[PDB]
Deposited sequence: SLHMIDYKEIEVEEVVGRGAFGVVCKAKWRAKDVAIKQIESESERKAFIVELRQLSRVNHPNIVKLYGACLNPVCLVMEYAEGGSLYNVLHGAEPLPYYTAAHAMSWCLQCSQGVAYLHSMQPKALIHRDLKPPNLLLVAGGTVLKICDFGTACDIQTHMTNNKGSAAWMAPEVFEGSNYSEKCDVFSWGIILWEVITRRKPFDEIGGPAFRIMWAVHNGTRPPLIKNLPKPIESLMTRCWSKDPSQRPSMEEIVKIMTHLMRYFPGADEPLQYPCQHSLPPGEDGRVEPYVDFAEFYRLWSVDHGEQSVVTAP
């Protein structure tokens, strides 16, 4: 089904303030996108409400990328938020993978396409990118849903460290592609829990078959939230920001896992 429908407000980006727009050349790319959006319905995916145009829900928080790296002042967030964000992301992507008749692939998963609402607590998927792109994709191979798992792995490293992936490399896109294709991955995280480290490295394996499914990622992340309480708390506290460059191929995390090891000790010991 598809609902039919406003006061046009100030422009937000390149799309005004929930709307989007056609540029009549994109009228064909528009039809391919709308047909699939009407079939999709999920909490962690953006809600769609003459001339040709859409009406999405206006996420006041903006993109996850803007929250993590955008204009100051940036908000404070915890390990709970970071894990919750990645959990809700894998929930929405799993919905797309588990779709009949054909499994819908997102292809371009990255924080700039992940919106936040309800005080930065609820994450929603919204259908340059070399940092999050799986190696088999930009080489020109028969890629599959497992390329979204690679992207998720990079996003997991990104919210924990609050670092732009492959910012040390920089340059044009082909320089990042060359690195990822040769095997370079983001540096490991200091004092990162072994369960999280294991899921992250698996998610960005060279061989796509060795990466876990999104259903497996959701289930694992759901059981880990037991040890990450406080994801419902809205973001409201400021954050004065200084980043130390990570020498010797190892970086410090932004979030703090102290509470995780504490709660983990109670159950296991």
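Q: List in ascending order the stretches of the deposited sequence, numbered from 1, that lack C-alpha coordinates.
A: According to the record, the gaps fall at 6-9, 19-23, 27-34, 40, 68-71, 150-164, 307-314.
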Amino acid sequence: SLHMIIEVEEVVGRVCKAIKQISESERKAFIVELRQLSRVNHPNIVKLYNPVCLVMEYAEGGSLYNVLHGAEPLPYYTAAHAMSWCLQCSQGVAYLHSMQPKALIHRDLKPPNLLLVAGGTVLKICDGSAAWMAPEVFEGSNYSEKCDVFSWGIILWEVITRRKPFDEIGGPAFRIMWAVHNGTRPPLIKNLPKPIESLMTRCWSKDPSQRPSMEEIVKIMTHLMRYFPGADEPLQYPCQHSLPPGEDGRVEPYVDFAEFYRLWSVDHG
From here on, numbers count along this sequence of modelled residues.
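By rigid core we mean the largest C-alpha set that fits within 1.5 Å across both forms.
Q: Once the rigid core is lined up, would you tell me whether 83-91 or 128-136 has the higher RMS CA deviation in 8 other deposited structures of this protein?
A: More C-alpha displacement in 8 other deposited structures of this protein shows up in 128-136.
Q: Out of the other entries of this protein with residues modelled on both sides, is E24 skipped in at least a third?
A: Looking at the other entries that model residues on either side of it, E24 is missing from at least a third.
Q: Select between 33-41 and 228-236 the stretch whose C-alpha atoms have the higher average B-factor in the entry.
A: Higher mean C-alpha B-factor: 33-41.
Q: Looking at the entry, does 150-158 or 170-178 show the higher mean C-alpha B-factor?
A: According to the entry, 170-178 carries the higher average C-alpha B-factor.
Q: In terms of CA temperature factor as recorded, identify the highest of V67, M200, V52, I217.
A: Answer for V67, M200, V52, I217: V52, with the highest C-alpha B-factor.
Q: For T222, does the deposited CA B-factor place it in the lowest, middle or highest third of the chain?
A: It falls in the middle third of the chain.
Q: Classify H81 as lowest, middle or highest third according to the C-alpha B-factor given in the PDB entry, relative to its own chain.
A: Tercile = lowest for this residue's CA B-factor.
Q: Classify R185 as lowest, middle or highest third according to the C-alpha B-factor given in the PDB entry, relative to its own chain.
A: Bottom third by C-alpha B-factor.
Q: Could you say whether, by C-alpha temperature factor, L263 belongs to the lowest, middle or highest third of its chain?
A: Answer is lowest: the recorded C-alpha B-factor places it there.
Q: When the deposited Cα B-factors of this chain's modelled residues are ordered and cut into thirds, is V255 in the lowest, the middle or the highest one?
A: It belongs to the lowest third of the chain when residues are ordered by C-alpha B-factor.
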